[PDB]
Amino acid sequence: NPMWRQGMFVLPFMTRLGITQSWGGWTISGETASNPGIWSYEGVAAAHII
Amino acid sequence: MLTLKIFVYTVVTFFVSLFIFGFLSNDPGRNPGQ
Amino acid sequence: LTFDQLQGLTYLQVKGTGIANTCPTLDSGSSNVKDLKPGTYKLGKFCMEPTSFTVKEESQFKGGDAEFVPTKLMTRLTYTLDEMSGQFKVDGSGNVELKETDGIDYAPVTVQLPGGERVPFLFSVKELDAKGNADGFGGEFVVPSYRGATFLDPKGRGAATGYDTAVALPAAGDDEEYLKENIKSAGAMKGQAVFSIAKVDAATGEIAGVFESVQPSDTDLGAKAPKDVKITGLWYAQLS
Amino acid sequence: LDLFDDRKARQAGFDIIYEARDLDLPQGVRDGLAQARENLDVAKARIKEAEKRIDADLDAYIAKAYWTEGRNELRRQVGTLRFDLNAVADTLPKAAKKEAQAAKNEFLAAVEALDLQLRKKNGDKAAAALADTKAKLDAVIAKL
Amino acid sequence: XXXXXXXXXXXXXXXXXXXXXXXXXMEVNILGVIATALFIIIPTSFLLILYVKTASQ
Amino acid sequence: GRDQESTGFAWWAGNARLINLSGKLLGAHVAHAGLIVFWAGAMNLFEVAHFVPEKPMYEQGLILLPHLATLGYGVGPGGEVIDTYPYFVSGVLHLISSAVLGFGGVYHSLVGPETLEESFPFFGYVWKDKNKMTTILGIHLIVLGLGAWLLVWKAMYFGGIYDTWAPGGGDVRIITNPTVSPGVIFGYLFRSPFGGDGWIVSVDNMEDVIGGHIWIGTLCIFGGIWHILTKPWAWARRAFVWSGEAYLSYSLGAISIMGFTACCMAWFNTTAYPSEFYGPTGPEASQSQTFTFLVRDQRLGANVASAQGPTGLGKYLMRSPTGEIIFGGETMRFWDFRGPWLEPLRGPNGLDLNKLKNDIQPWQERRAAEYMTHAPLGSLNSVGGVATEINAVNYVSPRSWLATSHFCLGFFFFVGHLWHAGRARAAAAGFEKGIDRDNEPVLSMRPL
Amino acid sequence: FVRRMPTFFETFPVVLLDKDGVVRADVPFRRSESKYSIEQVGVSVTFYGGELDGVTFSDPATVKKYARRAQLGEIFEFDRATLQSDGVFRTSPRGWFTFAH
Amino acid sequence: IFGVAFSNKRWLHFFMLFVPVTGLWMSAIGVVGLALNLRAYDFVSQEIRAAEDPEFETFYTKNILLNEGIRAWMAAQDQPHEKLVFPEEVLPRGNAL
Amino acid sequence: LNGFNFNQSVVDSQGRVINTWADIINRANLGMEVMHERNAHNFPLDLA
Amino acid sequence: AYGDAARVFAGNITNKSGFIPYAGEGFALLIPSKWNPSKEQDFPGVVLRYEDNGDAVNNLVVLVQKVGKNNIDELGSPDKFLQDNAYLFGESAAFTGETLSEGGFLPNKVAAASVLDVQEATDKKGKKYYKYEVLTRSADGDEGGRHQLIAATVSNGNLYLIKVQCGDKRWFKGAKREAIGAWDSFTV
Ligand SMILES: CCCCCCCCCCCCCCCCCC(=O)OC[C@H](CO[C@@H]1O[C@H](CO[C@H]2O[C@H](CO)[C@H](O)[C@H](O)[C@H]2O)[C@H](O)[C@H](O)[C@H]1O)OC(=O)CCCCCCCCCCCCCCCCC
Ligand code: CLA
Ligand code: CLA
Ligand code: CLA
Ligand code: CLA
Ligand SMILES: CC1=C(/C=C/C(C)=C/C=C/C(C)=C/C=C/C=C(C)/C=C/C=C(C)/C=C/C2=C(C)CCCC2(C)C)C(C)(C)CCC1
Ligand SMILES: CC1=C(/C=C/C(C)=C/C=C/C(C)=C\C=C/C=C(C)/C=C/C=C(C)/C=C/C2=C(C)CCCC2(C)C)C(C)(C)CCC1
Ligand code: OEX
Ligand SMILES: [Cl-]
Ligand SMILES: [Cl-]
């Protein structure tokens, strides 16, 4: 059940440049997150909003 | 978390210091009266 | 802190610091458990301070990994069993039998898995009878239900008290859709623990070491499938 | 309902909590002060038990540096010592009553000085205060 | 009673009918209702705003 | 007196006509002082006359006698009231003193000089005189310091003070080594008001109370001497409105803080407000309930240590969010409570299971049982218990009366700050009587 | 006889009464120390007429189930799958007309 | 101070009349609904959800439990004509208190 | 310091309690009290 | 038109003892004033049931049951008689599951009755009464347990029993006086 099977359009573009971790604690590869920091999927979304 | 606390302490102190020295700056004279 | 160092402090010097949620450290002493006189002892001040909480997660990546993914604690420093007492049996050959009777010996702990899943569990060593050599003596304990039989769910349903149906729906209640949630069970479970005697002080009758415990998590009073929670940490006891 | 036997629970004071909550009874009965004055032997036993705690338990706590336990031992089961000494002292004749009260005040200042040293965690000074406290307590018990 | 619950279904049909023989068509997007409503009202309002502004001068 | 024709103040603002009448204003303040002293004497005699030894102080609706009890008057070991004569003489002494105070207030108001400036330069003053104002401030600051020293003199040299934490049971104890260290004193002043810290409400022994009043007595005397020999500096002269109504608002704000602090003192503190006289605090009763049932259930046969409640938490004992062993249930919120009855059963790690299982004394059980039935819960018509109670018990805790009343007073006196301070600035600037139609300030301002 | 739910109650305790109107059984909320539970009373349900005719139930679980249905009046079978009915009662055209007008 | 202010004094006073009148009239519409028991008593989506997982809790579900207590404990005396004889065990109550 | 409590204020000559509208209000209070925070109390008195 | 003047300036309340005498059929007791006559029949043979206006937990029940005996000792020892009549305190029939999380109770148990007192008190007429005080505690902890004062005696082949149930929070609040008073007043 990858990203491209779920209709995700902007998620691949964040992942293409290096965004792989979420504040939810998961990683796009499936491993566990290690201190995601500001630049997560949620962080990048919040930044474009701000 | 300590970095967060120090950041908040700096921010809280800055605005409180503005408040304190703001009213010590001849505030009673800042009025339209004569 | 050692036990004597802890007693030197006052309640006001310990409150809010986190020392109260720690097991005493056994300094001096020695590692050879043969220093204990072979016989029976009264277990006292038996403490178990976890150092790691991990939860077994089914691997959707196939291969049946079922690895224990690391967690994050949600309930603060309320997770160390303390003041447990019981019986400690030590043989001439080094065989160890630990049987706990009372004390705290249980504490509700909630951790969060990667993904936002809060998995609560009743971290307990109730009725722990561990038998084995001093290197690896382990046993099986009882894991009581996380919620008691009189716990009421947000709709008032419960095992020994409360409604046995979804009163909110006066027509769709008692439907096979809600029958599982309508019926609540408070049966207990069992878990496996392994202990080790790292250090022993025969002069003060104090032993310490590490433990590893694997027990099921909360079943939501029978409304949820449990998970395996592996608890590792240090334990301390005073023989007398 | 499953039935249990708790007849012995009344002994060892099951009703102590229920006696203390009966607003029909005077405050002295509710707080147990009247009962102690009623039977001095009950109060006199508590004085003797208090002496054992000071003369035996306090020494180990100071030597082992268990400061909190030393202070707690000075207030638990000793929390009635002031009342008990007063109750026994009143029964004495007036001529001896002044002597017993004077001796008690010396002991009370001694135990307060001992408690201060345990608060400061001064082991050397606390040991000296305990020796004085034990000596003055025996003087009070002799006069009572 | 589950025997009688399914007895009626295999027997005379249930209520609420349907347009013609069958017109449920649950596959229909249903979101198309919002798409059709928004595509009508939003441009229609835009045109009506300009016309009323123009017609009043 | 005066009238609105010659003053511009209506009768409902009549005392505002005394602002510039020093002599009459002196009489008003001396007369209200006589009223305060009168009430203290009148209520002291009222409470003594209505006092029965069959019941504790907190059951009889007394709020002044507990203050005298804490000063170590007419009380014995354990908080028992042994004599009532000291309460009587205190009431008479205030009642008689109010008479002479009332005469001076009545004299200085009606017969005495209207203004003190011309005839008595020492007492005469004008509000704008920053120097004279600080001298009056300095003098009355010294008499406050002397009052604070009276408390430490009584606690150290005159009988002593009631110590509810005293070893061997609570009793009147002479303080000998008050805590005067700067770290302790500054520790109370600058700790947070939140739970566990409690600001100055958390003072937990009479050594700190007396040591604290030594600092206050010394600061006030030095501050009194300082404010006598000096005058306000340049930064102070440009930061304050120097008028009579402005000085009033400064005190209304300060007195507002004290009212709130007293409200929290009576509700939480168990050292300067012993539960033997003011009754249990809210937290004490909640802790007492779990203690009472733990004792009863242990006797009925139960390992209170491992007893699990319906929620999965400990029914009788659990851990606080920092690790201390505390009583279980909804009393978890009151784990900070520290009382002379529960502290003996509390080790460095929290409650001691061994002490709670083998070494609970009957006086501790009696104390906790009494406290849980005299919880501060009560009604306005003085029906004790929760709102769903029946009219059986006539009881409201003195702490409930003190906390509620002095919060209401504290809040209204905060509105006094807002009112009398906003007017002081407006009156001084000159637009407290309205906007001048000739030159309205907004009209000169550029449009927004 | 099951005491029917009055029209003013969203939820009503289920209580069984005899002919004289005395409570004889109920589904207790507190099951710890009950004195009227249908298990102690041994209540049974027998259906006359309709789909279930002559059928009797003695197991407490089903007796409780129909006792709750009984307090809502006559016991009917409802198809809740065709319209995905939620299960909360709704108003008749009589109720809607009165409210509107 | 507030960002928005009245500039028309006539509009200010009509508003002081419109707010209170419109408020009472809207309430009167709701009571008309309650005459027929057409009440906004519950959110079915949250009640269906709560019946499916015993973990879902909201303040709305906590109020529904409070209403259960009000109805059961009040009905016997508030409605004497109903002749309700609810025994103690059938009244809903939580643990201890 | 709660509101007025008039529960069982009116009693007849033989000691029986004649309920008022306050007692009906009390029964509603009993309903809310026993149902609020179901799993939070272990002891009968709601002191906290 | 009763014609009776109001009791203005009366001075003396008619009944202020707190108990209203009740004369039953073969028995008599002092029912507390603030208790209303209930209309439910909890147990077989209930002939009288009063419950408190405030709390329905506070209630008394008098039970007459034909037993074909003369003295209550023929029904067994005071210990045996109580065990035979354990249905008086209620049952946990509805709850059949197993649980180990009920702190202070035996495994798979949600209720427990603790017998505090047993007494073979004899009446003025020489009537053998088996009086019992028992504190029933439950897992839900309602009222903090229930005090159940029970006094029983057999006359004319009928067992006359009185059970006064009082909630614990009411017991230490003052309801103890009314409960014990009615319990002692019971006379057959
Ligand atoms: C429109 C007008 C509005 C007016 C509002 C007025 C409110 C009144 C309160 C405060 C404001 C007035 C000024 C301070 C008054 C003193 C408040 C105080 O003594 O404070 C403490 C008291 C009492 O505290 C209690 O103190 C107790 C002390 O008891 C301890 O010690 C006792 C004595 O021995 C006993 O032993 C007792 O058993 C033992 O537990 C306990 O520690 C409690 O845990 C603790 O809560 O009240 C408290 O708790 C206060 C809790 C903090 C304040 C509430 C949150 C406000 C937050 C504001 C923004 C955040 C932070 C900035 C704030 C401040 C910045 C400087
Ligand atoms: C020691 C404190 C203090 C002092 C010295 C003054 C002094 C003064 N005030 Mg001020 N005031 C105070 C506190 C104080 N006030 C507080 C706490 C408030 C908030 C409520 C106010 C609100 C206030 C207002 C609104 C006004 C004044 C005014 C005045 C001036 C004339 C007042 C007068 O003539 O009284 C007249 C006395 C009366 C009319 C009697 C009425 C009192 C009330 C209605 C009854 C109170 C009794 C009741 C039992 C209280 C219940 C309290 C309870 C709920 C807690 C005067 C110099 C006036 C002014 O500005 O002058 C320029 C004026 O308009 N004050
Ligand atoms: C603590 C309350 C208090 C006090 C101490 C004062 C004090 C004063 N007020 Mg005032 N006032 C008050 C409350 C108070 N007021 C309230 C609540 C109101 C609102 C109604 C007012 C409204 C008001 C107005 C409108 C005026 C004053 C004025 C005055 C001043 C002179 C009064 C005068 O000379 O006329 C004479 C009054 C009398 C002759 C009445 C005689 C009654 C006597 C004095 C009372 C003695 C009774 C007592 C039991 C006797 C004790 C004797 C002792 C030896 C035992 C004076 C200093 C006047 C002023 O501003 O001065 C310029 C004035 O204009 N007040
Ligand atoms: C109707 C008005 C009213 C009334 C009746 C009361 C009544 C009371 N107040 Mg309150 N108060 C009020 C208004 C009122 N207040 C207002 C408007 C405020 C400002 C908002 C306050 C602020 C306030 C505070 C901050 C406190 C009180 C307190 C008290 C209580 C004790 C009073 C006391 O001892 O003070 C002081 C006593 C004196 C000034 C006289 C004694 C002074 C000397 C120096 C004492 C020395 C004694 C000495 C040691 C004896 C030995 C002598 C020798 C051997 C050395 C009392 C019941 C106290 C309390 O109980 O807290 C809840 C307290 O802390 N009040
Ligand atoms: C009721 C008592 C009282 C009152 C009304 C005043 C009033 C005044 N003082 Mg004074 N003072 C007092 C007591 C008092 N003082 C005492 C007891 C001392 C001895 C410590 C002093 C020492 C003092 C000095 C050295 C000075 C004044 C000055 C002033 C004037 C400036 C006001 C100001 O800006 O303060 C506002 C306060 C601040 C801007 C800082 C806030 C700090 C406060 C205290 C919060 C800190 C809390 C913490 C517990 C304090 C730690 C202190 C430690 C010793 C415990 C003013 C008229 C100034 C002046 O005009 O000289 C003539 C001046 O320089 N005072
Ligand atoms: C200015 C003025 C005012 C006010 C005034 C005042 C406020 C006054 C006060 C006054 C006062 C403040 C007074 C007081 C008095 C007191 C007295 C006169 C006392 C006496 C005593 C006696 C007589 C005795 C008693 C006794 C004893 C000895 C013991 C016990 C018993 C008895 C109690 C019997 C007014 C408002 C009107 C207005 C106008 C102006
Ligand atoms: C006795 C005692 C004690 C204490 C002591 C002390 C020492 C106290 C003090 C205190 C202090 C020492 C202080 C307090 C407070 C202060 C404050 C509260 C401040 C105020 C001020 C202000 C607020 C300001 C104003 C102004 C300025 C100038 C700035 C700007 C603005 C204005 C202008 C307004 C203790 C606890 C130990 C214990 C117990 C008892
Ligand atoms: O948290 Mn909210 O509500 Ca005040 O009471 Mn106690 O706590 Mn709980 O119960 Mn009731
Ligand atoms: Cl609780
Ligand atoms: Cl709630």
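Residues numbered from 1 in each chain as written, not as in the entry; some residues may be left out. Chains lettered and ligands numbered in written order. Part of a larger assembly, values for the part shown. Heavy atoms only, no water. Residues with missing side-chain atoms left out of burial classes, pairs and counts.

Structure determination for this PDB entry is given in the record as cryo-EM, at a resolution of 2.73 Å.

Honestly, the overall build of chain I in this entry has me stumped. Any pointers?
Within chain I one finds one helix and zero strands. By principal-axis analysis of the C-alpha atoms, chain I measures approximately 40 × 20 × 20 Å. Out of the 48 residues belonging to chain I, those deemed buried represent 52%. Element-wise, carbon and sulfur atoms account for 61% of the exposed surface of chain I, whose accessible area totals about 2,100 Å². (Helix = DSSP H or I, 4+ residues; strand = E, 2+ residues; numbered from the N terminus. Buried < 20%, exposed > 50% of the residue type's maximum accessible area, 1.4 Å probe, protein only. Areas by Shrake-Rupley, 256 points an atom, 1.4 Å probe, with all protein chains shown as cover.)

Is there a simple way to explain the UniProt feature "transmembrane region" (unreviewed entry) in chain E in this structure?
Summarizing the sequence annotation, UniProt attributes the feature "transmembrane region" (unreviewed entry) to residues 31-52 of chain E in the numbering used throughout. In residues 31-52 of chain E, the share of helix is 100% and the share of strand is 0%. The end C-alpha atoms are 31 Å apart. (UniProt positions renumbered as here; feature names shortened; annotations may be inferred.)

Looking at this model, I keep getting lost on the environment of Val90(H). Mind explaining?
Mapped onto the secondary structure, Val90(H) falls in the segment after α3 (59-78). Taking the relative accessible area as the measure of exposure, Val90(H) reaches 4% and is therefore buried. If sequence neighbours within four positions are ignored, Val90(H) has contacts with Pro13(G), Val14(G), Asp26(G), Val27(G), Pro28(G) and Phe29(G). (Contact = heavy atoms within 4.5 Å.)

Sorry if this is basic, but what is going on with the interface of chain D and chain F here?
A common measure of how large an interface is: the accessible area buried when the components associate. Contacts between chain D and chain F engage 40 residues on the former and 44 residues on the latter. Between chain D and chain F lies a buried interface of about 3,600 Å² when both sides are counted; carbon and sulfur atoms form 54% of it. Taken together, chain D and chain F are joined by six salt bridges. The shortest N-O distance in the salt bridge between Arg37(D) and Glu80(F) comes to 2.9 Å. The tally of links between chain D and chain F comes to 21 residue pairs in polar contact. Looking at the side of chain D that touches chain F, the elements with two or more residues in it are α2 (16-20), α3 (27-31), α4 (33-38), α6 (67-73), α7 (81-91) and α8 (94-120) of chain D. Here the residues of the side of chain D that touches chain F sort into 17 nonpolar, 10 polar and 13 charged. (Buried area = accessible area lost by both parts, 1.4 Å probe. Salt bridge = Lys/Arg side-chain N within 4 Å of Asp/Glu carboxyl O. Polar contact = N/O pair within 3.5 Å; in protein donor to acceptor, adjacent residues only side chain to side chain. Nonpolar A, V, L, I, M, F, W, Y, C, P; charged D, E, K, R; others polar.)

Any chance you could explain the environment of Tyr371(F) here in plain terms?
All names here are of chain F. Positionally, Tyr371 belongs in helix α13 (residues 362-373). For the pair formed by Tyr371 and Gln287, sequence separation is 84 residues and the distance between their alpha carbons is 9.3 Å. Ignoring sequence-local partners within four residues, the contact set of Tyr371 consists of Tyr58, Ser275, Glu276, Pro280, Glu284, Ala285, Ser288 and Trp341.

Is there a simple way to think about helix α4 (residues 85-111) of chain F in this case?
Each full turn of the α-helix corresponds to 3.6 residues, which orients residues three or four apart in the same direction. Residue and element names in this part refer to chain F. With 27 residues, α4 should reach 39 Å at 1.5 Å per residue; the first-to-last C-alpha distance of 39 Å fits that figure. For α4, the full list of buried residues reads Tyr87, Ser90, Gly91, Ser98, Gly104, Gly105 and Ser109. Here the buried face of α4 lies against α2 (22-49) and α3 (65-70). (Expected span 1.5 Å × (residues − 1).)

I would appreciate a short explanation of the site of ligand 5 in the present structure.
Residues and elements named next belong to chain F. Around ligand 5 lies a shell of 17 residues, among which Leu219, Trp226, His227, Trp233 and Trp235 are the nearest. Within the side chain of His227, a nitrogen or oxygen atom sits 2.8 Å from a nitrogen atom of ligand 5. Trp233 is positioned with one of its side-chain polar atoms (N or O) 2.8 Å from an oxygen atom of ligand 5. Of all the secondary structure elements, the ones that give two or more residues to the shell around ligand 5 are α5 (130-156), α6 (182-189), α7 (206-229) and α8 (234-237). No other element matches α7, which puts five residues into the shell around ligand 5. For the shell around ligand 5, a count of residues per class yields 13 nonpolar, three polar and one charged. (Near = heavy atom within 4 Å.)

How should I be thinking about the packing of α6(F) against α7(F) in this particular structure?
The geometry of a pair of packed helices is captured by two quantities: the angle between their axes and the separation between those axes. Residue and element names in this part refer to chain F. Orientation of α6 relative to α7, taken along the N-to-C sense of each, is 90°, at an axis distance of 10 Å. Relative to α7, the element α6 lies roughly perpendicular. Only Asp208, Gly211, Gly212 and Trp215 of α7 make contact with α6, whose side of the interface consists of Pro182, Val184, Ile185, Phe186 and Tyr188. When grouped by side-chain class, the residues that make up the contact of α6 with α7 number six nonpolar, two polar and one charged. (Axes fitted to C-alpha atoms, helices over the stretch in contact; angles between N-to-C directions. Parallel < 35°, antiparallel > 145°, perpendicular 65-115°, else oblique.)

Would you explain the packing of aromatic side chains in this entry?
Ring pairs (aromatic) are described by centroid distance and by the angle formed between their planes. The final tally for this structure, using the stated rule, is 56 aromatic pairs over all chains. Here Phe260(F) and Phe407(F) contribute two aromatic rings whose centre-to-centre distance is 5.0 Å and whose plane-to-plane angle is 50°, an arrangement assigned as tilted. Residue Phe260(F) is found in helix α9 (residues 244-268), and its partner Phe407(F) is found in helix α14 (residues 398-429); the two are separated by 147 residues along the sequence. The class for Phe260(F) is partly exposed, based on a relative accessible area of 27%. Here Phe407(F) falls in the partly exposed class, since its relative accessible area comes to 43%. Its end group placed over the ring of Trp183(J), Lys131(J) keeps NZ or CZ at 2.9 Å from the ring centre. (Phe/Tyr/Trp six-rings, centres within 6.5 Å; stacked < 30°, edge-to-face > 60°. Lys NZ or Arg CZ within 6 Å of the ring centre and 35° of its normal.)

Looking at this structure, how should I read the interface of chain G and chain E?
With five residues of chain G at the contact, the number on the chain E side is six residues. For the side of chain G that touches chain E, a count of residues per class yields one nonpolar, one polar and three charged.

Teacher, can you tell me more about the coordination of the calcium atom of ligand 8 here?
Ideal coordination angles are 109.5 degrees for a metal with four donors arranged tetrahedrally and 90 or 180 degrees for a metal with six donors arranged octahedrally. Looking at the calcium atom of ligand 8, one finds just one donor atom contributed by the protein, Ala48(I) (O), at 3.2 Å. Among the structural elements, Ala48(I) can be located in the segment after α1 (21-35). (Donors = N, O, S within 2.8 Å, 3.2 Å for Na, K, Ca; no water.)

Help me understand the side chain of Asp204(F), please; the structure alone is not making it clear to me.
Within the secondary structure, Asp204(F) is located in the loop between α6 and α7. Within the local environment of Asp204(F), its side chain forms a polar contact with the side chain of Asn205(F), the two groups lying 3.1 Å apart. If we ignore the near neighbours within four places in the chain, the residues touching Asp204(F) are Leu12(C), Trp165(F), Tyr188(F), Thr271(F) and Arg338(F).

How should the pattern of salt bridges be read in this particular structure?
Two side chains with opposite charge may pair up if their charged atoms get near one another. Residue and element names in this part refer to chain D. Applying the stated criterion across every chain, the model contains 70 salt bridges over all chains. As a salt-bridge pair, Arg53 and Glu73 come within 2.8 Å of each other at their nearest N and O atoms. With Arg53 in helix α5 (residues 40-63) and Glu73 in helix α6, the pair connects residues that are 20 residues apart, well separated along the chain.

Please explain the coordination of the magnesium atom of ligand 5 as it appears in this structure.
Within the protein, a single donor atom binds the magnesium atom of ligand 5, namely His227(F) (NE2) at 1.9 Å. With respect to the helices, strands and loops of the structure, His227(F) is situated in helix α7.

Honestly, the arrangement of the chains in this entry has me stumped. Any pointers?
Highest in contacts among the 20 pairs of chains that touch are chains D and F. Note that chain D does not reach chain E: the shortest distance linking a C-alpha of one to a C-alpha of the other is 37 Å. For the non-touching pair chain D and chain H, the nearest C-alpha separation works out to 15 Å.

Would you explain the sheet that holds strand β3 (residues 72-73) of chain C in this entry?
Think of a sheet as strands paired side by side through backbone hydrogen bonds, with each pair either parallel or antiparallel. All names here are of chain C. Strand order in the open sheet made by the three strands is β3-β6-β7, with antiparallel pairing throughout. Each edge of the open sheet carries a strand with a single partner, namely β3 and β7 (117-124). With eight bridges connecting them, strand β6 (residues 106-113) and β7 associate as antiparallel partners. Paired with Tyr106 across the bridge in β7 is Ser124. (Pairing = 2+ DSSP bridges.)

Please clarify how the nonpolar core should be interpreted in this entry.
A general feature of soluble globular proteins is that nonpolar side chains tend to end up buried together. Within the largest apolar cluster, 64 residues are counted, with the highest numbers of intra-cluster contacts made by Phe291(F), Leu317(F) and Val164(J). It is helix α2 (residues 168-185) of chain J that provides the largest number of residues to this core, a total of six residues. The next biggest cluster of nonpolar side chains, apart from the first, holds 41 residues, and it includes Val69(C), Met84(C), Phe88(C) and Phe141(C). (Core = buried A, V, L, I, M, F, W, Y, C linked by side-chain atoms within 4.5 Å.)

Looking at this model, I keep getting lost on the site of ligand 6. Mind explaining?
All names here are of chain F. By nearness alone, 14 residues border ligand 6, and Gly34, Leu35, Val92, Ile96 and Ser98 come closest of all. Counting residues per element, the ones that place at least two in the shell around ligand 6 are α2 and α4. Split by residue class, the shell around ligand 6 holds 10 nonpolar, four polar and no charged.

Can you walk me through the packing of helix α11 (residues 282-299) of chain F against α13(F) in this structure?
All names here are of chain F. It is the contact of α11 with α13, at a shortest axis distance of 8 Å, that shows an interaxial angle of 125°. Considered as vectors, α11 and α13 are oriented oblique to each other. Judged by the sense of rotation from one axis to the other, the crossing of α11 with α13 is left-handed. Contacts between α11 and α13 involve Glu284, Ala285, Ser288, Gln289, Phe291, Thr292, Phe293, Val295 and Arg299 from the former and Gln364, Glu365, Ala368, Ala369, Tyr371 and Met372 from the latter. Here the residues of the contact of α11 with α13 are counted per class, giving eight nonpolar, four polar and three charged. (Left-handed = near helix turned anticlockwise from the far one by under 90°.)

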